[PDB]
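Heads up: the structure comes next, in structure tokens.
Counting starts at 1 for both ligands and their atoms, in listed order. One-based numbering along the sequence shown.
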Amino acid sequence: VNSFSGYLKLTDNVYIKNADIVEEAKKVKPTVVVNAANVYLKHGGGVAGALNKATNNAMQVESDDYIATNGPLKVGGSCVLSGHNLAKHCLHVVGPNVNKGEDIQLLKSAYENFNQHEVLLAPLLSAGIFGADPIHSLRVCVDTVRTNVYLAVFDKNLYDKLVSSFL
Ligand SMILES: C[C@@H]1CCN(C(=O)c2ccc3c(c2)nc(CO)n3C)C[C@@H]1C(=O)O
């Protein structure tokens, strides 16, 4: 039993809700919140900009030190950093950005990072400003993640389309 509330159950391990992931995180304080990161951990917009703003830019400060030490992430890769005031940890995961010409096939590799954590709050990878079909993202998520994932879809209209179309 966990403290997530109001989710619709899609499969044995995947759940989905119309929610602002920032507000879900502040309420639940999950062990892991997933960020829709880029390889530079430049949290400018989308979910990343929103999460970082909620941390008063502490996420960006920590991220800049991470990059200075380690260099950029791989597309499809991830790193674990602090969750600041939102969660114990933030798993920064790089889904491919279709608006950069990045291979959509790497989306499965991106979701595989979720399997290293028993429970996560997460957005649909490569959706929103990353330019991929959020319906496809949900499909890859369900077919790749085996751990317990609580998916927040900010846009109510998209959420209804995701649920109604889910096979
Ligand atoms: C699936 C699709 C992809 C990208 N995406 C975002 O970039 C995103 C997420 C949360 C955000 C946000 C932008 N802007 C704010 C305002 O502070 N918040 C709380 C989520 C979006 C969705 O779930 O509808």
Side-chain angles (χ1 to χ4, degrees), residues 4-11 14-30 32-60 63 73 75-78 81-87 89-114 119-145 148-167:
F4 289 99
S5 180
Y7 286 79
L8 178 71
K9 183 176 179 54
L10 298 176
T11 66
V14 180
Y15 295 80
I16 195 172
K17 181 183 182 177
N18 171 228
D20 181 347
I21 189 178
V22 174
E23 297 308 326
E24 275 296 282
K26 290 191 288 186
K27 181 70 173 184
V28 176
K29 310 221 205 304
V32 178
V33 66
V34 173
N35 186 28
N38 58 51
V39 297
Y40 307 110
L41 303 179
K42 288 306 182 194
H43 309 303
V47 173
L51 292 171
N52 176 57
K53 179 180 173 180
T55 76
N56 185 40
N57 210 52
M59 177 180 286
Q60 191 64 67
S63 293
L73 295 181
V75 179
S78 71
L81 291 174
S82 178
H84 301 277
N85 53 318
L86 303 176
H89 304 286
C90 178
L91 181 69
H92 296 272
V93 180
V94 185
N97 188 325
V98 179
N99 302 318
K100 298 180 181 177
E102 296 170 348
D103 189 5
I104 193 63
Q105 303 303 309
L106 290 165
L107 186 53
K108 188 172 184 75
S109 302
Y111 276 117
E112 287 171 343
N113 295 286
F114 289 27
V119 178
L120 315 87
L121 174 62
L124 288 169
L125 297 179
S126 297
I129 69 174
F130 278 60
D133 178 11
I135 294 180
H136 174 68
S137 182
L138 174 55
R139 189 73 260 166
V140 179
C141 180
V142 162
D143 294 339
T144 305
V145 181
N148 292 323
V149 55
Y150 290 83
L151 290 171
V153 179
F154 177 64
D155 190 80
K156 169 62 176 173
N157 284 329
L158 174 59
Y159 170 81
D160 286 349
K161 187 187 182 195
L162 287 162
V163 167
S164 292
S165 57
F166 184 74
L167 189 53

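In this pair, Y150 and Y7 present their aromatic rings perpendicular. The plane angle is above 60°, beyond the 30 to 60° band.
In this structure, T11 OG1 and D143 CG are separated by 9.0 Å, a value rounded to the nearest 0.5 Å.
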Could you go through ligand 1 and list every pair where one of its N or O atoms sits under 3.5 Å from a protein N or O, giving the atom names and the distance to one decimal?
| unit_1 | atom_1 | unit_2 | atom_2 | d |
| --- | --- | --- | --- | --- |
| ligand 1 | 7 (O) | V47 | N | 2.9 |
| ligand 1 | 23 (O) | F154 | N | 2.6 |
| ligand 1 | 24 (O) | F154 | N | 3.0 |
| ligand 1 | 24 (O) | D155 | N | 3.0 |

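Partners of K53 under the side-chain contact (heavy atoms from CB on, under 4.5 Å) rule, at least two apart in sequence or in another chain, do not exist in this structure. By the side-chain contact (heavy atoms from CB on, under 4.5 Å) test, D20 pairs with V22, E23, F154, sequence neighbours left out.
The list of side-chain hydrogen bond (donor to acceptor under 3.5 Å, both in side chains) pairs with a residue in residues 123-136, not counting sequence neighbours, is empty.
Nearest approach of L81 to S63, heavy atoms of both residues: CD1-OG, 4.1 Å.
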